[PDB]
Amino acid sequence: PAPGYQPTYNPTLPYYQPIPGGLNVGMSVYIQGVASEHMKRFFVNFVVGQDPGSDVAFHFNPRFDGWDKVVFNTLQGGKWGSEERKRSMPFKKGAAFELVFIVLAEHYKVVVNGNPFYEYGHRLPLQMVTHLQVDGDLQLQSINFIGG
């Protein structure tokens, strides 16, 4: 079922749902979860459409092979762009987290546990984004959309 502006508790992964009202400036996405002890995969995508192969305006991808880092990128016309990386890891083994994306005119502002983490500049117009996709072997307590 499509989300509204009330929290969705214990969503099942993989999660792939339409953003209520489409994506607009001022909107925030709140994700409460726990980064599992044996978590190997985790990503959040702001997607243009619901079909496989759809463009991804913003791919947010904590990575753990070798040195831990968070990767940020865009998939457009079947092509991945130049990767951005932040060489630090704000998620901790087995630890609860609050992950927030605030959609501003210039960038997605990413805040983790109340601490500003990154600002991903828009590459595709943010208004093209229609769906939120989340997957990984972690446990989500809730996903919540706050309208702008």
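Note that the rigid core is defined as the largest set of C-alphas that superpose within 1.5 Å between two forms. In case it trips you up, residue 1 is the first one in the sequence shown, and so on.
- Between stretches 133-141 and 12-20, greater average Cα displacement in 4 other deposited structures of this protein relative to the shown form, fitted by the core, falls on 133-141.
- Here 101-109 and 32-40 are scored by the root mean square distance of their C-alpha atoms in 4 other deposited structures of this protein, with each structure fitted by the rigid core; the higher score goes to 32-40.
- Higher mean CA temperature factor, per the PDB entry, when comparing 115-123 with 76-84: 76-84.
- The question of which stretch, 36-44 or 105-113, has the higher mean Cα B factor is settled in favour of 36-44.
- Across the options 53, 62, 90, 66, the residue with the most elevated CA B-factor in the record is 53.
- Among the modelled residues of its chain, residue 141 has a C-alpha B-factor that falls in the middle third according to the deposited record.
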